[PDB]
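A short write-up of the structure that comes next.
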Amino acid sequence: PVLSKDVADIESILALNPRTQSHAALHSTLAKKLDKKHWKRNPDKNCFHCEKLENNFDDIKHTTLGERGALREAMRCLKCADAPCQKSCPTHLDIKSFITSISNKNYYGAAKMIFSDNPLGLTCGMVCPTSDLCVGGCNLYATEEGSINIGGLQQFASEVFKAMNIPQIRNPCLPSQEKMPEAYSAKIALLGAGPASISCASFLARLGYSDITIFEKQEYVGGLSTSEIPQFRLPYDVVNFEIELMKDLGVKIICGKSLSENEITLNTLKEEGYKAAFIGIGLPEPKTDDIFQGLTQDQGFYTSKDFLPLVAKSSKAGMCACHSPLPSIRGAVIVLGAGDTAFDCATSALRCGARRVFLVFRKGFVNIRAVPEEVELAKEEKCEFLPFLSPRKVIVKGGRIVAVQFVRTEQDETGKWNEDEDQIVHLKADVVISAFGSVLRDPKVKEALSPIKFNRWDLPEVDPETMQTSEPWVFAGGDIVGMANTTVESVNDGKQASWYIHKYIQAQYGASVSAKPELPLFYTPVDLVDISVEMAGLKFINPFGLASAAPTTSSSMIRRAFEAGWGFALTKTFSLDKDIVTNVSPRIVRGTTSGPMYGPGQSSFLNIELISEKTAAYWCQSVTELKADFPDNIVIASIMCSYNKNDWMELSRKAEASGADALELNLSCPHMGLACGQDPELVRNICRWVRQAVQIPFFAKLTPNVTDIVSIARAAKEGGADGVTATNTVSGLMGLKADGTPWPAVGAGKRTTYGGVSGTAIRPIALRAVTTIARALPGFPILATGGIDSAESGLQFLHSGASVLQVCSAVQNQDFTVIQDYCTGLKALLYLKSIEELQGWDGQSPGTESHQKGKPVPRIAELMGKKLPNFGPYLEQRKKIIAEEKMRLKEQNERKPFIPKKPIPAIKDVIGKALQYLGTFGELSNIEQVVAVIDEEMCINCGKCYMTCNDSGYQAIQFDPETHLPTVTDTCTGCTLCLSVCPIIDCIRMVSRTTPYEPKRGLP
Amino acid sequence: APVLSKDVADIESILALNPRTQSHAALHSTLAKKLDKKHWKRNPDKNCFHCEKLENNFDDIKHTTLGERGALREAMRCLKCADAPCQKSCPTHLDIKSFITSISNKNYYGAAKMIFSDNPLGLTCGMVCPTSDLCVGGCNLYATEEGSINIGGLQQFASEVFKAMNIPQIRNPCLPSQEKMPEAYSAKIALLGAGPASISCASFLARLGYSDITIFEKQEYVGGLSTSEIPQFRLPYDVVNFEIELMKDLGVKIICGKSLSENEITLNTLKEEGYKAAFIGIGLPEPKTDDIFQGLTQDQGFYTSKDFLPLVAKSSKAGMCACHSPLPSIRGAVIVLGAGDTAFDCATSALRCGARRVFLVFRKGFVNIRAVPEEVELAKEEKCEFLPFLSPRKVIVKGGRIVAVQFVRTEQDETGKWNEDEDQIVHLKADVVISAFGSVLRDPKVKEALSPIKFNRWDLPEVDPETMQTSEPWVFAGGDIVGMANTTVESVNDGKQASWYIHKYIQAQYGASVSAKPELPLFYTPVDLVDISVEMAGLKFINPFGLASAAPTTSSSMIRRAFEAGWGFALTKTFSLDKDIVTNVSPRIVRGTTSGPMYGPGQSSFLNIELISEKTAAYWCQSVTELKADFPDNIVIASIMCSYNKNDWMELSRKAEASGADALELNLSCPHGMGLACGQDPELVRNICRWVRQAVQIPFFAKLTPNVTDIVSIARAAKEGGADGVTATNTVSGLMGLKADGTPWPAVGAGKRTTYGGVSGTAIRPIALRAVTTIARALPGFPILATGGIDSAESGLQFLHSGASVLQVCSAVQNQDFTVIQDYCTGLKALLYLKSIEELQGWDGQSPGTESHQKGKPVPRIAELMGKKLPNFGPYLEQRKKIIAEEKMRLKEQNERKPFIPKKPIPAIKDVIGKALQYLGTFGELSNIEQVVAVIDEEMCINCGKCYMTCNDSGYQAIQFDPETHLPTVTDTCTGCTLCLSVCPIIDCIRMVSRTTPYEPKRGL
Ligand SMILES: Cc1cc2nc3c(=O)[nH]c(=O)nc-3n(C[C@H](O)[C@H](O)[C@H](O)COP(=O)(O)O)c2cc1C
Ligand code: SF4
């Protein structure tokens, strides 16, 4: 038969494969109208009714992210200097740093950075109104693709940390609890357990206070986050987690106790010996209006303070004791108001069963209080918005509300707002919910704050800088002070106050505090993991250092690097005065190795830079000053001589005399190629010259541009090197413009020469070189260089046989502060090895569960294996099946931390551990074969697996023409190409063949 | 002697905003925060209640517009789906996957060619299509957090670049010559109405070869609504003109001032005068009207959309008319009645005319708005007010001006039927009322001219929805007049559908039949006649692109499909003698980690531990015979491998030659015995080559590994040994990486074992390019087949420029599929074509020179703006706005397209081979006298400070970064190292210029 033609079955399997067309298509406008609905993913602008939402408390936020989505977006962020997003965060979170840790897969380092400045970091990730805060200042707003999803990035990192189940701890550098001065034992009260108090009590705890007590009116803690923000925007378990974090530091919570004249008052606190008090009780009561005088919830009337807690209590498991049921809401619902609260009233009304919801405002669309992302929630649930209407009368017939009469309003001159009594609207409805805001009105509570001063707004008056009321020992914060109306501002009030509280307590015990404010960061057991390592007789405080390169151009930069925490550094390579060089320019260019992506995370650089332009005398003096001031940081002098015995002997004694802890020999000079480093016998001889000139250790810097790097490592060891650095850059050319001229291009003649490629493009090459040397020379020290940009990539080199990790391109891409991500990242990776119940994880990434857009797919009987992708009529059936399960369920009414159960490994215990899995081809099994399996619930229906198997594989995948779901068939050979191009992490997995493996021989 | 390793005061000060690790939580009061937030704000302020002044401001407001930076990013994001749902959702069935693929490859010609093949109004549509109700509505990436592709922005970008090249449309080159057509193609054809429907209809008829096509148009202007009503700030008139001029390139004739109407043109008069077929494309020419407005005039303040939108257009669209023309002076409060596209365009245009305030008023509610959300959004962001549930009752006129309109509340019953409530009124003050209820066909003399075609229930001409034929067989109709659609693209498609059956009908009237299968022709330009063939080692390649010996050539059945798609040549997967037959493991091909955790399209490398073919030599030799028999012009190169054994290489090469391969390729991966592979030792390569040469007479190429100290020594040995060329290069030995627990990937067996593998793809391109360059330099004229990370026409041209003759591809196919060959071909043609165009030498290939932009829209060239140090945020952005507005008002008080011709002949491939080698040389051949310094275009900056951070911690501390404006300035410390330019997210925002000042190296001591 014709071997080069597909048989009919394969022809059939290929029916949807791309082919190029030679004619333009012909399809009628009506055929297209009728097929359009089949493929539709997004809401239909003609569909005027909202999906059945009754009892559905599923997450509706547009900003939620999963791991895949979070990595892409973290990689997009430009990680800006003096970032404006941080300037616009009310708690000043280091957004650059924490997004940088997410792009490095260091979710622990991200969460630590978030929680250091915001103890309610997960709450704020989910509910912050970022368009009015950090995101509205984002530089990327100036690009077509727009600002970064900061809130969803913050929420993703925090959720991972929550899932790691790691406790907060006391600051490891406080004195012991026994040895704290007596002032720390002072009795502190906080009133109210909302964000402001939670934050305030957190920060005092970090400073060392051991007797802190929050007093909360309700049986439940968390404030509005618990009692009013809907479960479908803020899950109750997020609040419980943040509270338990705080209780890890010893804060006590006593429920059932009120700030109120017959109960707790400032005078009673004074008499029981409390030394300071923080008022965070919020605004307990609803703003009301005479025209609703005396209407009951039976008749149909709620205030927002009556309604939202009813819903929250029955949707939020573990808010209270009781099970309560969802409020019976039926018919047409009018919500009065235009803020945050009115929009949560509207959407929570649909969850209780409302048929129609009307939002009615005093002014126009243009004037809506709330943020646009909050409005869009109501909008997409098809709430109707009625502007320019003020309520006048509620109509009650038969004991029930039946309508509300409004008058029309208009702005005049001045923009003066006037009601027009002649122009009326009679709006039929069954339930009315006023969402006019809130106030503190209860005279028993105002009198319990006696004697503190109140202002014109009838709120406690505070100094905006210190949060102190008129009584110096009483502070206040949050909604009750009336400047904040976000969670993150109330968090910030409690943080602001904590410092001034501390100042006041210390001064009451005769003690002074710093003039510069110093709130402690956030800490966990992770932070105590030891990541020091010892190599060739040096002790490194951590394994990360600056390679010999552009970041070590001047000794002042090394000095700043050591101040950020880098463990070690190489000088740029320097030489004898007779060999001094002069750079050309341009000389460092971006890598074209991942296509036309500009900005952060360049996958390579090319350089035609020569060695250092500064003299040996600058560098020698500089190593002396650096070793004097940083005795515990390793300094390594990189040196280069022509192939001359006296020169190498001179220059290495000089650099040793300066106090260098070690030397690094740069074998790039010309002299099996052109470089002394490409010829084993020249390597061995240069190393012998140096070995007998100096007593300190030295390392040969090996080039990867050789047939066999092992022969060059062995030569160095035979020459007397104490180790080898693997590897220098890869020889390369980064490309040409369309007209033929290169880049870089030097001078009038647009000339260039071959350069050195660095960055994550060469990491495969250096990893091979490190593992080849480690297998051939067991025990011989290796310094790794080549594409290390994270703790995670560093650990791959460690596992391969390296002991320390040299970095260049990742700093050129960013700045010296990535060391703090690298150190936290590596502590977390090692710590996580000791937790038994997280062994399903890859490093810091939890095992991927089936998601759609990073939201868990519903685990419902009636929905599995029944072939319903998330578009067209299929999606409509999904939502109908989901809606019925919510209804079925309504008719069917503890946080404990993981403890390590094995010692945490030190660097010395992981070095080399991958080598065991490496060997020859003949050591791999050809009996244990695999096949691809596709999780249809994760697929986004692109058909890339399909096309790759078609045109680079075995034609083994069927792509359904109506559902666009792929199925791997039994002709799969396990090549793994499909898994490798799929856009969804872990949507395709390889599993073991059950069936027998026969190779396709074409002809037997 | 002072402290060398510490920064002097000056530099400590330049470093003041550099990032530093913080060791404490920050303290900043809520008050200070509120106070500071406004300084940095980029986006609309939610507590700001009127929008900036727009008067006389016709600048682009579209949110979908893209510059080249942004387009390359968004194109690389598209998954380029099989059977893509976005295409199913486009009424003209554009091949979005192909045209986005082309954009990501920098082939803006092949993208525009793909768009215009299916849509002659491709630029207009890109700018105005309501994509959320069409193609983007169906996009698969909607199931990701970042969302669906900006397909419309991408369409508009490639179309704009194509407009910039000034290339004309040509009649299809493979058609007979004009003098050689059948008589039927001279049939006189008539189209009524120069709008999208007829332009598209006349375009496709002319592509089919009809020589005598006239559009008769009522007005003095052309373009229908795209000219007279869509605003200039959404659709610039020059775009309409460009697409009409493309049509006129095929000889379509346009006559203005001639109407379908009683006593002018009727179907009867066309029939008498010999016209053989007519297309009715006149749209819905009259406004839909309310009795409550009868008798109101423009001087009282009343307009319908049909009077008002053309008055704004004649004023703001340069030479729509030969009339100059002042804006309507629209002052005070404006009421616009309606909820479709028309009303939102009246609302936004009224602000350009000076309206203080605009009310859009609807009969129903916000839920029932007819425009798509993107169109609503434009009126929302300009602070129009929306009033729902009002129906108009009375217009009050005092002193000859409208002063108010009285409405009644509407509401919805118990059945969805829509009643008014007489006791519930709204009296809304206003000075101008603009009726936007839509459009109609009312004119009795127009309808009479269409006698006798049947009219339907809606009083519109009845057509069959498949054929667009009226009840008279020679008369077809399409577009708004049919009543089915109201988008540009659907009208374009009506005219497209009709043109096929019009052809079918005319051909029947002259006695000929047409295909059962519809066959509308593509779009062609002279770019398509470029020759990209090339001859190497005596073989003629129809184009230089071929499939490497690899995964895409696992089966000969795949090579067949590749040739069908157009690939110039292909290798077999490497095969051996029966005694050498291998068995692969699995898993064995893994995605690269070389560009981080990015998944899906465009992997930057792969790693494989795959062996040579598991199919036998018989299979491959019989296969080469069938392939050569069915594809005698496509080149088949048998790739072979033996151990180090003379009889074996001779037996197997003779078997492959006797199968009829055009050439052989020796895979020197094999072990025996300067490495383990034969390919790593020049002596063995020499001997193997000699052996093969004495055995066969066909050409043969040696495939080199890059895993050598000196690839030249190996190439040279293959040449000494007799080979006709070399293939440079095979994969690079690497280890793709480990999982955090130390296991590898791939991992084989329950042992999780692995071995070194080969890296392919664009990550290894700099290595392959250096290899190609260095052989081409040392062995000039010795043919080179290039391979390593070639994935576009642009990067294939780099290799040709560097000395290769033909270009092998593997990873770009694994990343996509065999159809990229269409993109590579049209891309190479366009690159070669552009070299002959004098007016376009500032471009780099198909990339215009970058113009200073924000979000890819051009920066107003106003001198009061130039160098005032006003970044685009906070209070500086408010000042930019005040200056641009005052300029627009200055302009208010002071009231030709011909194609470029090649001036050289168009280069052939052999003319460009090697041309980059004249720039390569040793290091000592570079000037260290001719130094540069970086220079920053503050107008392009996005204030990120990455240049600043790079120069501080990797450079010379030479940039100042302003603490209030976050503008960088480069100082005279600059050495030109060029790292800032390389990290800048904005293309061409930093440029290197010749050092003017004194260049002294900084020596420390
Ligand atoms: C899965 C796979 C299999 C390959 N098989 C061979 C082969 O059998 N013979 C060979 O000579 N080169 C083989 N190659 C190397 C390719 O032919 C090509 O040289 C390499 O992938 C570089 O081109 P690219 O960067 O376009 O992929 C293979 C590459 C891959 C990814
Ligand atoms: S806390 Fe809120 S404000 Fe701050 S960065 Fe986060 S999301 Fe933004």
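Here is how names work: the chains are called A, B, and so on, in the same order as the sequence lines, proteins then strands, and each is numbered from 1.
Between A/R768 and B/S733, the side chains place a donor N or O and an acceptor N or O closer than 3.5 Å (distance only, hydrogens not considered). There is a side-chain donor-acceptor pair under 3.5 Å between A/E625 and B/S5. In summary, the side chains of B/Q497 and A/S28 do not present any donor paired with an acceptor at a separation below 3.5 Å, with no hydrogens or angles considered. Side-chain N/O atoms of A/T582 and B/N928 include no donor and acceptor closer than 3.5 Å. Side-chain polar atoms of A/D493 and B/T30 form a donor-acceptor pair below 3.5 angstrom.
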How far apart are the C-alpha atoms of A/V584 and B/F923, what are their side-chain angles, what is the distance that settles it, and do they pass the side-chain contact (heavy atoms from CB on, under 4.5 Å) test? CA-CA 9 Å; A/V584 302; B/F923 189 83; 3.8 Å; yes
Show, in sequence, the C-alpha distance, side-chain angles and deciding distance for A/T771 and B/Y756, and conclude whether the side-chain contact (heavy atoms from CB on, under 4.5 Å) test is met. CA-CA 10 Å; A/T771 74; B/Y756 301 127; 2.7 Å; yes
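Closest of all the heavy-atom pairs between B/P597 and A/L71 is CB-CD1, 3.7 Å. Closest approach of B/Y919 and A/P742 over heavy atoms only: CB-CD, 3.7 Å. Looking at every heavy atom in both residues, B/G1004 comes nearest to A/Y618 through CA-CD1, 3.6 Å. The two atoms that bring B/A763 and A/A761 nearest to each other are O-CB, 4.3 Å, heavy atoms only. Here the closest heavy-atom approach between residue B/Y599 and residue A/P983 is recorded as CB-O, 3.7 Å. The two residues A/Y946 and B/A82 have their closest heavy-atom pair at CD2-CB, 4.2 Å.
Few gaps surround NZ on B/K88; more than 12 heavy atoms of other groups in view lie less than 6.0 Å from it. Remark: A/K382 NZ is packed, more than 12 non-hydrogen atoms of other residues, nucleotides or ligands lying under 6.0 Å away. In the displayed structure, B/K46 atom NZ is contacted under 6.0 Å by more than 12 heavy atoms of other residues, nucleotides or ligands.
Classified by interplanar angle (parallel below 30°, tilted 30° to 60°, perpendicular above 60°), the ring pair A/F365/B/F386 is perpendicular.
When atom types are taken as modelled, the side chain of B/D844 and the backbone of A/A738 share a donor-acceptor pair closer than 3.5 angstrom. Checked by atom type and distance alone, the side chain of B/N43 pairs as donor or acceptor with a backbone atom of A/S131 at under 3.5 Å. B/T755 contributes a side-chain N or O that, together with a main-chain N or O of A/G919, makes up a donor-acceptor pair within less than 3.5 Å. For A/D708 (side chain) and B/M674 (main-chain N/O), no donor-acceptor pair under 3.5 Å exists by modelled atom type. The backbone N or O of A/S556 sits nowhere less than 3.5 Å from a side-chain atom of B/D7 that would complete a donor-acceptor pair. Side-chain atoms of A/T707 come within 3.5 Å of backbone atoms of B/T709 as a donor-acceptor pair (strictly under, hydrogens ignored). For A/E613 (side chain) and B/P1001 (main-chain N/O), no donor-acceptor pair under 3.5 Å exists by modelled atom type. One N or O on the side chain of B/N493 and one on the backbone of A/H27 form a donor-acceptor pair closer than 3.5 Å.
Top candidate by heavy-atom pairs under 4.5 Å with chain A, chosen from B/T975, B/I987, B/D817, B/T950, is B/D817. Between chain B and the options A/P551, A/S925, A/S603, the largest number of non-hydrogen pairs under 4.5 Å is found for A/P551. Contact count against chain B (heavy-atom pairs under 4.5 Å) is highest for A/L16 among A/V811, A/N870, A/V371, A/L16. For chain A, the option among B/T743, B/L31, B/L27 with the highest count of heavy-atom pairs below 4.5 Å is B/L27. For the set B/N943, B/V426, B/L926, the entry with the most heavy-atom pairs within less than 4.5 Å of chain A is B/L926. Of the residues considered (A/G673, A/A484, A/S622, A/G364), A/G364 shows the highest number of contacts with chain B, using heavy-atom pairs under 4.5 Å. Among B/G70, B/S982, B/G845, the residue making the largest number of heavy-atom pairs under 4.5 Å with chain A is B/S982. Note: B/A25 leads B/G734, B/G602, B/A25 in heavy-atom pairs under 4.5 Å with chain A. Contact tally against chain B (heavy-atom pairs below 4.5 Å) for A/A748, A/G565, A/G595: the top residue is A/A748. Between chain A and the options B/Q854, B/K739, B/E490, heavy-atom pairs under 4.5 Å are most frequent for B/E490.
With a 4.5 Å cut-off on side-chain heavy atoms, A/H23 and B/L520 do not count as touching. Side-chain contact check for B/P766 versus A/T593: some heavy-atom pair is nearer than 4.5 Å. Using a 4.5 Å cut-off on side-chain heavy atoms (C-beta onward), A/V746 and B/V932 make no contact.
Heavy atoms closer than 4.5 Å to chain A are found in the side chain of B/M558, but not in its backbone. Heavy-atom distances place the side chain of B/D36, and not its backbone, under 4.5 Å from chain A. With a threshold of 4.5 angstrom between heavy atoms, B/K41 approaches chain A through its backbone and through its side chain. With a 4.5 Å cut-off on non-hydrogen atoms, B/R588 touches chain A through its backbone and its side chain both. With a 4.5 Å cut-off on non-hydrogen atoms, B/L831 touches chain A through its side chain but not through its backbone. Only the side chain of B/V759 comes within contact range of chain A, with at least one heavy atom under 4.5 Å from a heavy atom of that chain. For B/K33, the part sitting under 4.5 Å from any heavy atom of chain A is the side chain, from C-beta outward, and nothing else. Using a 4.5 Å cut-off between heavy atoms, B/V732 touches chain A through its side chain atoms alone. Residue B/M76 touches chain A through its side chain alone, counting heavy-atom pairs closer than 4.5 Å. Looking at B/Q603, the atoms closer than 4.5 Å to chain A (heavy atoms on both sides) all sit in the side chain, from C-beta outward.
With respect to the salt-bridge test (charged N to carboxylate O, under 4.0 angstrom), the residues A/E145 and B/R69 qualify. For A/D132 and B/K37, the salt-bridge test passes: some basic side-chain N is under 4.0 Å from an acidic carboxylate O.
One distance of note links NZ of B/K6 with CZ of A/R559; it measures 4.5 Å at 0.5 Å rounding. Remark: B/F818 CZ to A/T20 OG1 distance equals 12.0 Å, nearest 0.5 Å. Atom CZ of B/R409 sits about 15.5 Å away from atom CZ of A/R408, to the nearest 0.5 Å. For the atom pair B/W40 CH2 and A/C138 SG, the distance stands at 13.5 Å (nearest 0.5 Å). Distance CZ/B/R753 to OG1/A/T920: 7.0 Å, rounded to 0.5 Å. The NZ atom of B/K615 lies 11.0 Å from the CG atom of A/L1003; values are rounded to the nearest 0.5 Å.
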